[PDB]
Amino acid sequence: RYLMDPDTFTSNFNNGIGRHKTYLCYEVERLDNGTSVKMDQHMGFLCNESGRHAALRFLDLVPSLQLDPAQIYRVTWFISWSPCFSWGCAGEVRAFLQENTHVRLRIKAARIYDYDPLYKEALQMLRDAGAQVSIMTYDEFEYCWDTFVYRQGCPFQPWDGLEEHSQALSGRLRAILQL
DNA sequence: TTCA
Ligand SMILES: [Cl-]
Ligand SMILES: [Cl-]
Ligand SMILES: [Zn+2]
């Protein structure tokens, strides 16, 4: 495979500044007799394109992953913006999850996409569809740096405010999802 | 610098 340019990672996953783009790093994992099987072929990253948000481009590539319906797979997204509602993507993901019940999705967002006035409805719909929605933490940024980025042995260097932003967004998300 |  290949790895993300470090400048692209830092400018798109900084949880204190937005970009007019969305990146999505993904991995697929399976638990077998209590062990983590995570294939290299099931890991990658992508970005949004004109008229197609990143979440939908991940849906586009699921057939190529060749998942087996006899097994449960845990799919994790590290996504620079939380999925939207108004352009249809939360509904598309919900439908996908209902049609592919062997897929269990974890959505870890660096930022909340509240440009969408219906951003709360997106998160609640994804939760209602069985997805585990959370806000990326320090450890998850470091994991993505170490796992998906062409870093060349350089360790993760956190930006100022990372923790303050992450914990603020996590509190926001708790209130959005609380019942 | 909110999927411009
Ligand atoms: Cl979306
Ligand atoms: Cl707020
Ligand atoms: Zn969308």
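In what follows, every chain begins at residue 1, and chains take the letters A, B, ... in the order their sequences are listed. Values reported hereafter were calculated over all heavy atoms of this structure, with side chains retained and with hydrogens, waters and symmetry mates removed.
Between B/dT1 and A/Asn14, no contact under 4.0 Å exists linking OP1 or OP2 to a side-chain N or O. An OP1 or OP2 oxygen of B/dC3 is reached within less than 4.0 angstrom by a side-chain nitrogen or oxygen of A/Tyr113. Of the side-chain N and O atoms in A/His20, none sit less than 4.0 angstrom from OP1 or OP2 of B/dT1.
Taking the six-membered ring for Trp, A/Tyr115 and A/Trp81 have ring centres at least 6.0 Å apart. A/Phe45 has its ring centre no less than 6.0 Å from the ring centre of A/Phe9.
No engagement by A/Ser86 is indicated, since no non-hydrogen atom pair under 4.0 Å with the nucleic acid exists. Nucleic acid contact class of A/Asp116 (heavy atoms, under 4.0 Å, all strands): none.
Of the candidates B/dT2, B/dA4, B/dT1, the closest approach to any side-chain atom of A/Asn48 belongs to B/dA4. Taking only side-chain atoms of A/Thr22, from C-beta outward, the nucleotide of B/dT1, B/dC3, B/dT2 with the closest atom is B/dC3.
Counting only distance, with no hydrogens or angles, the side chain of A/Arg151 and the backbone of A/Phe156 share no donor-acceptor pair below 3.5 Å.
Using a 4.5 Å heavy-atom cutoff, the side chains of A/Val28 and A/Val103 are not in contact.
One can place CZ of A/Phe45 at 20 Å from P of B/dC3, the figure rounded to the nearest angstrom.
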